[PDB]
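Below: query-v3.cif (mmCIF, C-alpha atoms and all ligand atoms)
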data_coords
#
loop_
_atom_site.group_PDB
_atom_site.id
_atom_site.type_symbol
_atom_site.label_atom_id
_atom_site.label_comp_id
_atom_site.auth_asym_id
_atom_site.auth_seq_id
_atom_site.Cartn_x
_atom_site.Cartn_y
_atom_site.Cartn_z
ATOM 1 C CA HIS A 9 158.872 -126.929 -39.031
ATOM 2 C CA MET A 10 162.565 -126.832 -39.927
ATOM 3 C CA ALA A 11 161.531 -128.833 -42.996
ATOM 4 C CA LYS A 12 157.754 -128.512 -43.380
ATOM 5 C CA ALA A 13 157.566 -124.715 -43.318
ATOM 6 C CA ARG A 14 160.866 -124.596 -45.211
ATOM 7 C CA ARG A 15 159.600 -126.480 -48.271
ATOM 8 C CA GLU A 16 156.369 -124.459 -48.218
ATOM 9 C CA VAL A 17 158.523 -121.395 -48.834
ATOM 10 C CA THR A 18 160.708 -123.121 -51.419
ATOM 11 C CA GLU A 19 157.574 -123.923 -53.412
ATOM 12 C CA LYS A 20 155.872 -120.536 -53.119
ATOM 13 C CA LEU A 21 159.076 -118.708 -54.049
ATOM 14 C CA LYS A 22 158.651 -119.985 -57.611
ATOM 15 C CA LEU A 23 155.357 -118.112 -57.849
ATOM 16 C CA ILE A 24 156.420 -114.735 -56.486
ATOM 17 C CA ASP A 25 158.259 -111.690 -57.834
ATOM 18 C CA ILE A 26 159.456 -110.278 -54.530
ATOM 19 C CA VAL A 27 159.901 -111.215 -50.894
ATOM 20 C CA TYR A 28 158.707 -109.094 -47.987
ATOM 21 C CA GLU A 29 160.925 -110.152 -45.103
ATOM 22 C CA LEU A 30 159.431 -108.928 -41.827
ATOM 23 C CA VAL A 31 161.769 -108.461 -38.899
ATOM 24 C CA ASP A 32 161.208 -107.038 -35.403
ATOM 25 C CA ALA A 33 162.564 -103.469 -35.388
ATOM 26 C CA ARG A 34 163.522 -103.958 -31.723
ATOM 27 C CA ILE A 35 166.006 -106.631 -32.876
ATOM 28 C CA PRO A 36 166.538 -106.263 -36.675
ATOM 29 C CA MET A 37 169.469 -108.682 -36.670
ATOM 30 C CA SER A 38 168.475 -111.294 -34.093
ATOM 31 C CA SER A 39 165.018 -111.566 -35.681
ATOM 32 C CA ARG A 40 166.397 -112.443 -39.138
ATOM 33 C CA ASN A 41 166.009 -116.163 -39.928
ATOM 34 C CA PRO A 42 169.296 -117.392 -41.495
ATOM 35 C CA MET A 43 167.759 -120.718 -42.548
ATOM 36 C CA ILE A 44 165.053 -118.989 -44.598
ATOM 37 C CA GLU A 45 167.273 -116.246 -46.013
ATOM 38 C CA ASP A 46 169.483 -118.958 -47.491
ATOM 39 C CA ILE A 47 166.562 -120.137 -49.622
ATOM 40 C CA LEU A 48 166.004 -116.526 -50.725
ATOM 41 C CA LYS A 49 169.045 -116.162 -52.958
ATOM 42 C CA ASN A 50 168.724 -113.780 -55.910
ATOM 43 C CA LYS A 51 164.988 -113.290 -55.350
ATOM 44 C CA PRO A 52 164.159 -109.563 -55.061
ATOM 45 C CA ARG A 53 163.283 -108.544 -51.520
ATOM 46 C CA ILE A 54 162.563 -105.726 -49.095
ATOM 47 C CA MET A 55 163.435 -105.886 -45.386
ATOM 48 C CA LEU A 56 160.481 -104.590 -43.400
ATOM 49 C CA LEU A 57 161.378 -103.513 -39.864
ATOM 50 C CA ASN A 58 157.915 -103.975 -38.310
ATOM 51 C CA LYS A 59 156.822 -102.715 -34.858
ATOM 52 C CA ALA A 60 158.937 -99.608 -35.471
ATOM 53 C CA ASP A 61 156.619 -97.810 -33.036
ATOM 54 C CA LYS A 62 157.942 -100.085 -30.251
ATOM 55 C CA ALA A 63 161.636 -99.577 -31.080
ATOM 56 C CA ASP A 64 164.145 -96.801 -30.484
ATOM 57 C CA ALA A 65 163.664 -94.588 -33.555
ATOM 58 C CA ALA A 66 167.324 -93.512 -33.667
ATOM 59 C CA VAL A 67 168.561 -97.093 -33.514
ATOM 60 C CA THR A 68 166.041 -98.131 -36.175
ATOM 61 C CA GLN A 69 167.464 -95.452 -38.470
ATOM 62 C CA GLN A 70 170.938 -96.904 -37.832
ATOM 63 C CA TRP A 71 169.764 -100.404 -38.797
ATOM 64 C CA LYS A 72 168.135 -99.147 -41.979
ATOM 65 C CA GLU A 73 171.351 -97.433 -43.072
ATOM 66 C CA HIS A 74 173.241 -100.605 -42.162
ATOM 67 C CA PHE A 75 171.042 -102.804 -44.383
ATOM 68 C CA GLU A 76 170.857 -100.302 -47.259
ATOM 69 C CA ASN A 77 174.655 -99.971 -47.305
ATOM 70 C CA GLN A 78 174.696 -103.744 -47.845
ATOM 71 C CA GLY A 79 172.352 -103.582 -50.819
ATOM 72 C CA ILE A 80 169.202 -104.381 -48.865
ATOM 73 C CA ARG A 81 166.230 -102.066 -49.413
ATOM 74 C CA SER A 82 164.683 -101.473 -45.985
ATOM 75 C CA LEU A 83 161.496 -99.859 -44.673
ATOM 76 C CA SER A 84 160.477 -99.296 -41.059
ATOM 77 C CA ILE A 85 156.749 -99.716 -40.527
ATOM 78 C CA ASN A 86 153.910 -100.016 -37.991
ATOM 79 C CA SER A 87 151.441 -102.630 -39.245
ATOM 80 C CA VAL A 88 148.918 -101.692 -36.578
ATOM 81 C CA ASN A 89 148.396 -98.029 -37.472
ATOM 82 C CA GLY A 90 149.786 -98.063 -41.011
ATOM 83 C CA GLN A 91 152.940 -95.983 -40.617
ATOM 84 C CA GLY A 92 155.103 -96.587 -43.688
ATOM 85 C CA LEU A 93 152.852 -99.101 -45.437
ATOM 86 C CA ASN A 94 152.319 -96.601 -48.262
ATOM 87 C CA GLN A 95 155.958 -97.066 -49.253
ATOM 88 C CA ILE A 96 155.761 -100.821 -49.871
ATOM 89 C CA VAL A 97 154.133 -100.858 -53.322
ATOM 90 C CA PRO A 98 156.223 -97.930 -54.613
ATOM 91 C CA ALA A 99 159.425 -99.615 -53.463
ATOM 92 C CA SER A 100 158.313 -102.938 -54.970
ATOM 93 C CA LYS A 101 157.707 -101.385 -58.394
ATOM 94 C CA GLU A 102 161.119 -99.713 -58.431
ATOM 95 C CA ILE A 103 162.878 -102.950 -57.505
ATOM 96 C CA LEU A 104 161.003 -104.917 -60.166
ATOM 97 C CA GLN A 105 161.096 -102.148 -62.805
ATOM 98 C CA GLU A 106 163.813 -103.801 -64.895
ATOM 99 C CA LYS A 107 162.186 -107.245 -64.767
ATOM 100 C CA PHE A 108 158.743 -105.909 -65.670
ATOM 101 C CA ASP A 109 160.007 -103.580 -68.410
ATOM 102 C CA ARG A 110 161.858 -106.540 -69.930
ATOM 103 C CA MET A 111 158.703 -108.694 -69.878
ATOM 104 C CA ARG A 112 156.660 -105.879 -71.426
ATOM 105 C CA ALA A 113 159.155 -105.418 -74.259
ATOM 106 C CA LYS A 114 158.907 -109.145 -74.994
ATOM 107 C CA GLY A 115 155.124 -108.995 -75.353
ATOM 108 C CA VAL A 116 154.093 -110.260 -71.913
ATOM 109 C CA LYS A 117 151.548 -107.882 -70.397
ATOM 110 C CA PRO A 118 152.011 -106.525 -66.844
ATOM 111 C CA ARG A 119 150.354 -108.398 -63.992
ATOM 112 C CA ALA A 120 149.767 -107.587 -60.320
ATOM 113 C CA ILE A 121 152.971 -107.827 -58.285
ATOM 114 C CA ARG A 122 153.226 -111.146 -56.448
ATOM 115 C CA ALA A 123 154.917 -110.999 -53.048
ATOM 116 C CA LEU A 124 155.752 -113.481 -50.318
ATOM 117 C CA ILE A 125 155.474 -112.536 -46.646
ATOM 118 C CA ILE A 126 158.055 -114.306 -44.482
ATOM 119 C CA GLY A 127 159.348 -113.930 -40.940
ATOM 120 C CA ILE A 128 159.721 -115.322 -37.440
ATOM 121 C CA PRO A 129 156.660 -116.070 -35.281
ATOM 122 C CA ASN A 130 154.650 -113.127 -33.939
ATOM 123 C CA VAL A 131 156.581 -110.592 -36.047
ATOM 124 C CA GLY A 132 153.295 -109.254 -37.439
ATOM 125 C CA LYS A 133 152.870 -111.024 -40.788
ATOM 126 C CA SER A 134 149.083 -111.368 -40.450
ATOM 127 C CA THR A 135 148.570 -107.858 -39.128
ATOM 128 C CA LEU A 136 150.429 -106.450 -42.143
ATOM 129 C CA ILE A 137 148.416 -108.553 -44.599
ATOM 130 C CA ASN A 138 145.076 -107.612 -43.019
ATOM 131 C CA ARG A 139 146.021 -103.925 -42.987
ATOM 132 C CA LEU A 140 147.180 -103.949 -46.622
ATOM 133 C CA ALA A 141 144.208 -106.024 -47.809
ATOM 134 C CA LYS A 142 141.919 -103.831 -45.695
ATOM 135 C CA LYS A 143 140.061 -106.927 -44.521
ATOM 136 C CA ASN A 144 140.213 -109.662 -41.896
ATOM 137 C CA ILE A 145 141.467 -112.576 -43.977
ATOM 138 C CA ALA A 146 144.305 -113.767 -41.735
ATOM 139 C CA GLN A 159 146.417 -118.418 -50.830
ATOM 140 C CA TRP A 160 146.739 -115.201 -52.867
ATOM 141 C CA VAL A 161 145.465 -112.280 -50.791
ATOM 142 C CA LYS A 162 144.460 -109.414 -53.073
ATOM 143 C CA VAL A 163 145.527 -105.869 -52.264
ATOM 144 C CA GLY A 164 143.898 -103.534 -54.762
ATOM 145 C CA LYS A 165 144.805 -104.101 -58.400
ATOM 146 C CA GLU A 166 148.555 -103.801 -57.915
ATOM 147 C CA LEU A 167 149.482 -106.487 -55.412
ATOM 148 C CA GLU A 168 148.832 -110.118 -54.535
ATOM 149 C CA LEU A 169 150.228 -111.628 -51.334
ATOM 150 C CA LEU A 170 151.037 -115.096 -50.017
ATOM 151 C CA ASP A 171 151.193 -115.642 -46.250
ATOM 152 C CA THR A 172 153.485 -118.131 -44.505
ATOM 153 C CA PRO A 173 153.607 -119.390 -40.883
ATOM 154 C CA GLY A 174 156.149 -118.020 -38.421
ATOM 155 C CA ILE A 175 159.423 -119.918 -38.628
ATOM 156 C CA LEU A 176 162.564 -120.104 -36.497
ATOM 157 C CA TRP A 177 165.850 -121.924 -37.194
ATOM 158 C CA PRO A 178 167.916 -124.876 -35.818
ATOM 159 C CA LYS A 179 171.239 -123.380 -34.727
ATOM 160 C CA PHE A 180 170.222 -120.137 -33.021
ATOM 161 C CA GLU A 181 172.509 -121.525 -30.325
ATOM 162 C CA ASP A 182 173.762 -118.034 -29.457
ATOM 163 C CA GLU A 183 172.107 -117.672 -26.045
ATOM 164 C CA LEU A 184 171.941 -113.896 -26.533
ATOM 165 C CA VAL A 185 169.904 -114.277 -29.717
ATOM 166 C CA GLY A 186 167.619 -116.696 -27.880
ATOM 167 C CA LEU A 187 167.083 -114.291 -24.982
ATOM 168 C CA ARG A 188 166.256 -111.410 -27.341
ATOM 169 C CA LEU A 189 163.736 -113.561 -29.191
ATOM 170 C CA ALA A 190 162.184 -114.760 -25.951
ATOM 171 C CA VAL A 191 161.847 -111.330 -24.373
ATOM 172 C CA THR A 192 160.244 -109.873 -27.514
ATOM 173 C CA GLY A 193 157.671 -112.671 -27.745
ATOM 174 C CA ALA A 194 158.902 -114.708 -30.728
ATOM 175 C CA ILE A 195 158.831 -117.874 -28.577
ATOM 176 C CA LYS A 196 155.884 -119.362 -26.658
ATOM 177 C CA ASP A 197 156.457 -118.525 -22.989
ATOM 178 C CA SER A 198 155.135 -121.967 -22.029
ATOM 179 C CA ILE A 199 158.224 -123.948 -23.048
ATOM 180 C CA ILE A 200 160.826 -121.630 -21.510
ATOM 181 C CA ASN A 201 162.079 -120.411 -18.139
ATOM 182 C CA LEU A 202 160.453 -116.985 -18.130
ATOM 183 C CA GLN A 203 162.375 -115.766 -15.089
ATOM 184 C CA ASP A 204 165.705 -116.122 -16.904
ATOM 185 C CA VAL A 205 164.227 -113.928 -19.627
ATOM 186 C CA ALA A 206 163.053 -111.413 -17.019
ATOM 187 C CA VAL A 207 166.540 -111.405 -15.490
ATOM 188 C CA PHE A 208 167.953 -110.713 -18.957
ATOM 189 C CA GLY A 209 165.375 -107.968 -19.442
ATOM 190 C CA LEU A 210 166.178 -106.231 -16.163
ATOM 191 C CA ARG A 211 169.940 -106.340 -16.712
ATOM 192 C CA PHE A 212 169.394 -104.931 -20.187
ATOM 193 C CA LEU A 213 167.261 -102.094 -18.800
ATOM 194 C CA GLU A 214 169.782 -101.363 -16.044
ATOM 195 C CA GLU A 215 172.559 -101.088 -18.616
ATOM 196 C CA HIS A 216 170.742 -99.208 -21.385
ATOM 197 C CA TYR A 217 167.639 -97.576 -19.901
ATOM 198 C CA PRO A 218 168.201 -97.203 -16.131
ATOM 199 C CA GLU A 219 166.141 -94.023 -15.792
ATOM 200 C CA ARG A 220 163.070 -95.743 -17.238
ATOM 201 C CA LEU A 221 163.473 -98.700 -14.907
ATOM 202 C CA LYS A 222 163.627 -96.379 -11.907
ATOM 203 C CA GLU A 223 160.636 -94.250 -12.877
ATOM 204 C CA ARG A 224 158.567 -97.284 -13.848
ATOM 205 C CA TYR A 225 158.815 -98.837 -10.391
ATOM 206 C CA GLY A 226 159.413 -95.601 -8.506
ATOM 207 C CA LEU A 227 162.943 -96.625 -7.565
ATOM 208 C CA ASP A 228 165.070 -93.857 -6.066
ATOM 209 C CA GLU A 229 168.041 -96.136 -6.729
ATOM 210 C CA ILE A 230 168.456 -99.436 -8.553
ATOM 211 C CA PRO A 231 169.418 -102.313 -6.239
ATOM 212 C CA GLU A 232 172.835 -103.818 -7.015
ATOM 213 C CA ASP A 233 171.526 -107.360 -6.511
ATOM 214 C CA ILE A 234 169.231 -108.526 -9.321
ATOM 215 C CA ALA A 235 167.248 -110.690 -6.883
ATOM 216 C CA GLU A 236 166.738 -107.643 -4.671
ATOM 217 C CA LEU A 237 165.368 -105.745 -7.689
ATOM 218 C CA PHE A 238 162.876 -108.573 -8.216
ATOM 219 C CA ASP A 239 161.664 -108.200 -4.622
ATOM 220 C CA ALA A 240 161.356 -104.428 -4.993
ATOM 221 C CA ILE A 241 159.128 -104.859 -8.067
ATOM 222 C CA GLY A 242 157.114 -107.652 -6.467
ATOM 223 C CA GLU A 243 156.154 -105.721 -3.337
ATOM 224 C CA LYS A 244 155.727 -102.560 -5.403
ATOM 225 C CA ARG A 245 153.058 -104.209 -7.564
ATOM 226 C CA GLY A 246 151.789 -106.547 -4.865
ATOM 227 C CA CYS A 247 153.007 -109.857 -6.265
ATOM 228 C CA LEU A 248 152.590 -111.895 -3.077
ATOM 229 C CA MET A 249 151.819 -115.606 -2.723
ATOM 230 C CA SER A 250 151.946 -117.094 0.782
ATOM 231 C CA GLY A 251 150.620 -114.487 3.206
ATOM 232 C CA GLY A 252 153.335 -111.942 2.484
ATOM 233 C CA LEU A 253 156.004 -113.851 0.558
ATOM 234 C CA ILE A 254 156.948 -112.541 -2.899
ATOM 235 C CA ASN A 255 155.630 -114.530 -5.877
ATOM 236 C CA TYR A 256 158.522 -114.462 -8.364
ATOM 237 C CA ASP A 257 156.466 -116.166 -11.062
ATOM 238 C CA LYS A 258 153.904 -113.324 -11.026
ATOM 239 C CA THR A 259 156.684 -110.755 -10.697
ATOM 240 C CA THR A 260 158.395 -112.259 -13.744
ATOM 241 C CA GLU A 261 155.177 -111.921 -15.761
ATOM 242 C CA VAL A 262 154.812 -108.268 -14.745
ATOM 243 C CA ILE A 263 158.346 -107.465 -15.927
ATOM 244 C CA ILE A 264 157.860 -109.277 -19.252
ATOM 245 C CA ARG A 265 154.448 -107.663 -19.712
ATOM 246 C CA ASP A 266 155.843 -104.196 -18.969
ATOM 247 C CA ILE A 267 158.617 -104.616 -21.541
ATOM 248 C CA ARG A 268 156.345 -105.949 -24.276
ATOM 249 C CA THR A 269 153.588 -103.389 -23.695
ATOM 250 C CA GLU A 270 155.998 -100.460 -23.921
ATOM 251 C CA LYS A 271 155.807 -99.647 -20.215
ATOM 252 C CA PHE A 272 159.515 -98.827 -20.492
ATOM 253 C CA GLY A 273 158.951 -96.852 -23.679
ATOM 254 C CA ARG A 274 160.653 -97.567 -27.015
ATOM 255 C CA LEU A 275 163.339 -100.257 -26.770
ATOM 256 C CA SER A 276 165.974 -101.608 -29.150
ATOM 257 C CA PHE A 277 168.005 -104.565 -27.885
ATOM 258 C CA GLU A 278 170.824 -104.300 -30.422
ATOM 259 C CA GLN A 279 172.596 -101.729 -32.617
ATOM 260 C CA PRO A 280 174.551 -102.163 -35.893
ATOM 261 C CA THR A 281 178.336 -102.276 -36.341
HETATM 262 N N1 LIG A 301 153.064 -102.148 -31.815
HETATM 263 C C1 LIG A 301 152.919 -103.060 -32.919
HETATM 264 N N2 LIG A 301 152.391 -104.205 -32.668
HETATM 265 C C2 LIG A 301 152.331 -104.895 -33.849
HETATM 266 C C3 LIG A 301 152.773 -104.499 -35.078
HETATM 267 N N3 LIG A 301 152.519 -105.571 -36.066
HETATM 268 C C4 LIG A 301 151.964 -106.536 -35.377
HETATM 269 N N4 LIG A 301 151.838 -106.146 -33.970
HETATM 270 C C5 LIG A 301 151.245 -107.018 -32.911
HETATM 271 O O1 LIG A 301 152.048 -108.179 -32.794
HETATM 272 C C6 LIG A 301 151.287 -109.310 -32.516
HETATM 273 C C7 LIG A 301 151.458 -110.479 -33.449
HETATM 274 O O2 LIG A 301 150.976 -110.139 -34.766
HETATM 275 P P1 LIG A 301 150.607 -111.180 -35.818
HETATM 276 O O3 LIG A 301 150.172 -110.471 -37.025
HETATM 277 O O4 LIG A 301 149.671 -112.196 -35.196
HETATM 278 O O5 LIG A 301 151.963 -111.909 -36.064
HETATM 279 P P2 LIG A 301 152.332 -113.137 -37.062
HETATM 280 O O6 LIG A 301 153.718 -112.986 -37.502
HETATM 281 O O7 LIG A 301 151.279 -113.259 -38.109
HETATM 282 N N5 LIG A 301 152.180 -114.466 -36.053
HETATM 283 P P3 LIG A 301 152.524 -116.060 -36.606
HETATM 284 O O8 LIG A 301 153.925 -116.196 -37.069
HETATM 285 O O9 LIG A 301 152.228 -116.872 -35.391
HETATM 286 O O10 LIG A 301 151.569 -116.414 -37.718
HETATM 287 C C8 LIG A 301 149.814 -108.798 -32.440
HETATM 288 O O11 LIG A 301 149.425 -108.562 -31.063
HETATM 289 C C9 LIG A 301 149.859 -107.491 -33.259
HETATM 290 O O12 LIG A 301 148.859 -106.579 -32.949
HETATM 291 C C10 LIG A 301 153.370 -103.178 -35.266
HETATM 292 O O13 LIG A 301 153.796 -102.676 -36.252
HETATM 293 N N6 LIG A 301 153.412 -102.475 -34.061
HETATM 294 MG MG MG A 302 149.859 -115.086 -39.091
#
So, in terms of structure tokens, how does the structure I just supplied come out?
Ligand SMILES: Nc1nc2c(ncn2[C@@H]2O[C@H](COP(=O)(O)OP(=O)(O)NP(=O)(O)O)[C@@H](O)[C@H]2O)c(=O)[nH]1
Ligand SMILES: [Mg+2]
Amino acid sequence: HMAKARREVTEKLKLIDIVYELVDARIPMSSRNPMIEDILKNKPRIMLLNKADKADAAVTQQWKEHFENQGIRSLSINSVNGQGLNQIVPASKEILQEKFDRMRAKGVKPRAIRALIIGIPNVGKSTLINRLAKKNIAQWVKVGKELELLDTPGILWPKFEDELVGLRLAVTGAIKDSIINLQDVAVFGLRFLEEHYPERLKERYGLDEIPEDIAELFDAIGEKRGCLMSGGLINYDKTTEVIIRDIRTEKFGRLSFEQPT
């Protein structure tokens, strides 16, 4: 993991011209893997804010400006329906123009661009590859006569100690919900919604007013959806799942858990 997947990237980097770093548009910063980026020094790259359809469009625009102003070419895309994928090859050619023109002038003929797909788990690396390759393949994945891709497994990093970063990753689905306390993530989700998207929270569960006590809000949602366990008692485990499901399936509309600056 922290070593296995890491060396796999270190090796494959020697065979590629450019890196396609996929991040979750809902959390462009918290979904960036510092451990991996460190290995990516000097190698050309494009930051791909995937799942842009699930994020707040205005905030996404802010993140793109933020990265570009730092010298990082960025593109917001939807790997499921194709939004923005037509900009990847064009961008890649512009970034590698100098390198390629230099090789051509030295007598080395042009070859198909070789790119590496990297990113945290569940960010959409396979979806993107399958869409670009126009085939269910997800090793050198061919994409027309202009691109060749290499896929890598989802990777996290050791010191992500910042509890906030962990909560954002957990709520968005970057971590298997089996090894974590899902209710704490649901509590984080609800507080986030109450602070940033209160109207959506109310309409979603038909709440005339949002309860001041987080536990009370859990009960409201439970009974509302019928999450009962022992002849009437609220099942908080099932209620937790509903909340997490609602957030991930866009039941609260487009969400962005962080903004630049
Ligand atoms: N709305 C939306 N969903 C997307 C997008 N890209 C991927 N997804 C969804 O996100 C989920 C995970 O995608 P997947 O390609 O398996 O991710 P991955 O990064 O290859 N996973 P791993 O790291 O485990 O190999 C899938 O349910 C997929 O349909 C996107 O742009 N928009
Ligand atoms: Mg995959």
> What gap, in Å, lies between atom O3 of ligand LIG 301 (chain A) and CA of residue 126 (chain A)?
Replying inline: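 Spanning atom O3 of ligand LIG 301 (chain A) to CA of residue 126 (chain A) is a straight-line distance of 11.5 Å.
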>> Translate the PyMOL selection byres (((chain A and resi 18) around 12) and not hetatm) into a concrete residue list for this structure, as a PyMOL selection string.
In response: chain A and resi 11-17+19-24+27+43-49+51+124+126+172
>> From the options A:258, A:89, A:110, A:228, which residue's atoms come nearest to residue 242 (chain A), counting only C-alpha atoms?
In response: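 Distance minimum relative to residue 242 (chain A) lands on A:258.
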> What is the CA of residue 108 (chain A)-CA of residue 170 (chain A) distance in Å, reported with one decimal?
Replying inline: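 Interatomic distance, CA of residue 108 (chain A) to CA of residue 170 (chain A): 19.7 Å.
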> Counting all atoms listed in the file, which of A:41, A:260, A:91, A:276 gets nearest to ligand LIG 301 (chain A)?
Replying inline: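 Closest to ligand LIG 301 (chain A), using all atoms listed in the file: A:91.
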First collect every listed atom of ligand LIG 301 (chain A); then fit an axis-aligned box around them, widen it by 3 Å on each side, and give centre and edge lengths in Å to one decimal, as JSON.
{"center_x": 151.4, "center_y": -109.5, "center_z": -34.6, "size_x": 11.1, "size_y": 20.7, "size_z": 13.0}
Residue IDs satisfying the PyMOL selection byres (((chain A and resi 275) around 9) and not hetatm), as a compact mmCIF listing (two decimals) with C-alpha atoms, keeping the file's coordinate frame:
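Output file result_31.txt is given in full below:
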# COMPACT_ATOMS: atom_id res chain seq x y z
CA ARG A 34 163.52 -103.96 -31.72
CA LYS A 62 157.94 -100.08 -30.25
CA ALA A 63 161.64 -99.58 -31.08
CA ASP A 64 164.14 -96.80 -30.48
CA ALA A 65 163.66 -94.59 -33.56
CA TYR A 217 167.64 -97.58 -19.90
CA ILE A 267 158.62 -104.62 -21.54
CA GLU A 270 156.00 -100.46 -23.92
CA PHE A 272 159.51 -98.83 -20.49
CA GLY A 273 158.95 -96.85 -23.68
CA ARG A 274 160.65 -97.57 -27.02
CA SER A 276 165.97 -101.61 -29.15
CA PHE A 277 168.00 -104.56 -27.88
Would you write out, as a tab-separated table, a table of all residues in chain A that have an atom no more than 6 Å from an atom of ligand LIG 301 (chain A), listing for each the closest atom pair and the distance in Å to one decimal, considering all atoms listed in the file and ordering rows by chain and rising residue number?
residue	atom	partner	partner_atom	distance
A:58	CA	A:LIG301	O13	4.8
A:59	CA	A:LIG301	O13	3.3
A:61	CA	A:LIG301	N1	5.7
A:62	CA	A:LIG301	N1	5.5
A:85	CA	A:LIG301	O13	6.0
A:86	CA	A:LIG301	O13	3.2
A:87	CA	A:LIG301	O13	3.8
A:88	CA	A:LIG301	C10	4.9
A:128	CA	A:LIG301	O8	5.9
A:129	CA	A:LIG301	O8	3.3
A:130	CA	A:LIG301	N5	3.5
A:131	CA	A:LIG301	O6	4.0
A:132	CA	A:LIG301	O5	3.3
A:133	CA	A:LIG301	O7	3.8
A:134	CA	A:LIG301	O3	3.7
A:135	CA	A:LIG301	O3	3.7
A:173	CA	A:LIG301	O10	4.8
A:174	CA	A:LIG301	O8	3.2
Would you output that residue set with C-alpha atoms, as a tab-separated table (two decimals), in the coordinates of the input?
chain	number	residue	atom	x	y	z
A	58	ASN	CA	157.92	-103.98	-38.31
A	59	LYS	CA	156.82	-102.72	-34.86
A	61	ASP	CA	156.62	-97.81	-33.04
A	62	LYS	CA	157.94	-100.08	-30.25
A	85	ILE	CA	156.75	-99.72	-40.53
A	86	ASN	CA	153.91	-100.02	-37.99
A	87	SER	CA	151.44	-102.63	-39.24
A	88	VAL	CA	148.92	-101.69	-36.58
A	128	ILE	CA	159.72	-115.32	-37.44
A	129	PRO	CA	156.66	-116.07	-35.28
A	130	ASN	CA	154.65	-113.13	-33.94
A	131	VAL	CA	156.58	-110.59	-36.05
A	132	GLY	CA	153.29	-109.25	-37.44
A	133	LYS	CA	152.87	-111.02	-40.79
A	134	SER	CA	149.08	-111.37	-40.45
A	135	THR	CA	148.57	-107.86	-39.13
A	173	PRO	CA	153.61	-119.39	-40.88
A	174	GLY	CA	156.15	-118.02	-38.42
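The space separating CA of residue 30 (chain A) from CA of residue 119 (chain A) comes to 24.0 Å.
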Name the residues that the PyMOL selection byres (((chain A and resi 209-216) around 9) and not hetatm) pulls out of this structure, and write them as a PDB file with C-alpha atoms, in the frame of the given file.
ATOM      1  CA  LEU A 187     167.083-114.291 -24.982  1.00  0.00           C
ATOM      2  CA  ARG A 188     166.256-111.410 -27.341  1.00  0.00           C
ATOM      3  CA  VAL A 191     161.847-111.330 -24.373  1.00  0.00           C
ATOM      4  CA  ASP A 204     165.705-116.122 -16.904  1.00  0.00           C
ATOM      5  CA  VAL A 205     164.227-113.928 -19.627  1.00  0.00           C
ATOM      6  CA  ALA A 206     163.053-111.413 -17.019  1.00  0.00           C
ATOM      7  CA  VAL A 207     166.540-111.405 -15.490  1.00  0.00           C
ATOM      8  CA  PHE A 208     167.953-110.713 -18.957  1.00  0.00           C
ATOM      9  CA  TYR A 217     167.639 -97.576 -19.901  1.00  0.00           C
ATOM     10  CA  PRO A 218     168.201 -97.203 -16.131  1.00  0.00           C
ATOM     11  CA  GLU A 219     166.141 -94.023 -15.792  1.00  0.00           C
ATOM     12  CA  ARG A 220     163.070 -95.743 -17.238  1.00  0.00           C
ATOM     13  CA  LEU A 221     163.473 -98.700 -14.907  1.00  0.00           C
ATOM     14  CA  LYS A 222     163.627 -96.379 -11.907  1.00  0.00           C
ATOM     15  CA  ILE A 230     168.456 -99.436  -8.553  1.00  0.00           C
ATOM     16  CA  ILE A 234     169.231-108.526  -9.321  1.00  0.00           C
ATOM     17  CA  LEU A 237     165.368-105.745  -7.689  1.00  0.00           C
ATOM     18  CA  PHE A 238     162.876-108.573  -8.216  1.00  0.00           C
ATOM     19  CA  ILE A 263     158.346-107.465 -15.927  1.00  0.00           C
ATOM     20  CA  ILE A 264     157.860-109.277 -19.252  1.00  0.00           C
ATOM     21  CA  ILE A 267     158.617-104.616 -21.541  1.00  0.00           C
ATOM     22  CA  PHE A 272     159.515 -98.827 -20.492  1.00  0.00           C
ATOM     23  CA  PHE A 277     168.005-104.565 -27.885  1.00  0.00           C
TER      24      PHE A 277
END
> In terms of the shortest atom-to-atom distance over all atoms listed in the file, which of A:123, A:66, A:200, A:241 is closest to residue 168 (chain A)?
Replying inline: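 Of A:123, A:66, A:200, A:241, the one nearest residue 168 (chain A), counting all atoms listed in the file, is A:123.
Nearest-residue note for residue 193 (chain A): choosing from A:78, A:105, A:255, A:39, the minimum distance belongs to A:39, counting all atoms listed in the file.
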> Any idea what's packed within 8 Å of region 96-98 of chain A, counting all atoms listed in the file, ignoring anything in its chain fewer than 4 positions away? Could you give it as a count of residues only?
Replying inline: 5
> Using all atoms listed in the file, which of A:197, A:93, A:127, A:279 sits nearest residue 73 (chain A)?
Replying inline: A:279
> In terms of the shortest atom-to-atom distance over only C-alpha atoms, which of A:81, A:179, A:40, A:162 is closest to residue 138 (chain A)?
Replying inline: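 Looking at the shortest contact to residue 138 (chain A), the residue is A:162.
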>> At a cut-off of 10 Å, using only C-alpha atoms, what residues contact residue 72 (chain A)? Leave out same-chain residues fewer than 5 positions from it and give the result as a list in words.
In response: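 Listing them by chain and then by number gives residues 33, 36, 55, 56, 57, 67, 77, 78, 80, 81, 82, 83, 84 and 280 of chain A.
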